[PDB]
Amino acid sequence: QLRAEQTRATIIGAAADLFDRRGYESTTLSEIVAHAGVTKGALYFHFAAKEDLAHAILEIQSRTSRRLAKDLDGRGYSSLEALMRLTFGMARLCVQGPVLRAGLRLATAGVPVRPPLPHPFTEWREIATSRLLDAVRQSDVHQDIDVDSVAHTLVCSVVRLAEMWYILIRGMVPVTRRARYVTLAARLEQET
């Protein structure tokens, strides 16, 4: 059993890589099993169908982003700092995580999300929104900003990161608090 249980990461990785480069609809179980170097039995031991590989990848993206959001809100940061760190953080895990790229690709396409797993974009919007409200509440973002709209755009925008942050910073952050944020965006770009 141990052997079988041990192949699941490989199969996910293999399917991630293929879904990310070649797309979901065009990738088959057979392609996946040959890339992974395992048998069909090994694959069926963990997943009954292609869709199950999809929901597992989607599951990992959702958990990954929810974990990072939670971790970053427990470290004494201001909300906008947390939000900024979160965009750069996600970007760092994606540049090095095929699974997340595959998740992204599945989410961007019409690949359904099995309830109660919410669609990652609405989850990313929720995070961005609550973070922006707090930032408004802490005077880091103008009181008149329409948060909803920026969350909606921000999510689309994150999917150059520093350069985007600079524009938002100039346009939504009060003059006296800008510098700290411009500095952080620079440091995070430097650090990733």
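Throughout, we count residues from 1 along the sequence that is shown.
The gap between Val159 and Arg160 holds 10 or more unmodelled residues of the deposited sequence. In this entry, the higher average B-factor at the C-alpha atoms falls on 49 to 57, of the pair 25 to 33 and 49 to 57. For the pair 181 to 189 and 2 to 10, the mean Cα B-factor is higher in 2 to 10. Highest CA B-factor among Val136, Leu43, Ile167, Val150, as stated in the entry: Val150. When the C-alpha B-factors of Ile145, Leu132, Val38, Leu154 are read from the PDB record, the largest value belongs to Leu154. In the deposited entry, the Cα temperature factor of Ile127 places it in the middle third of its chain's modelled residues. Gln96: CA B factor in the middle third of modelled residues in this chain (values from the PDB entry). Among all modelled residues in this chain, the alpha-carbon of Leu117 has a temperature factor (C-alpha) in the highest third. Per-chain ranking of the deposited C-alpha B factor places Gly110 in the highest third.
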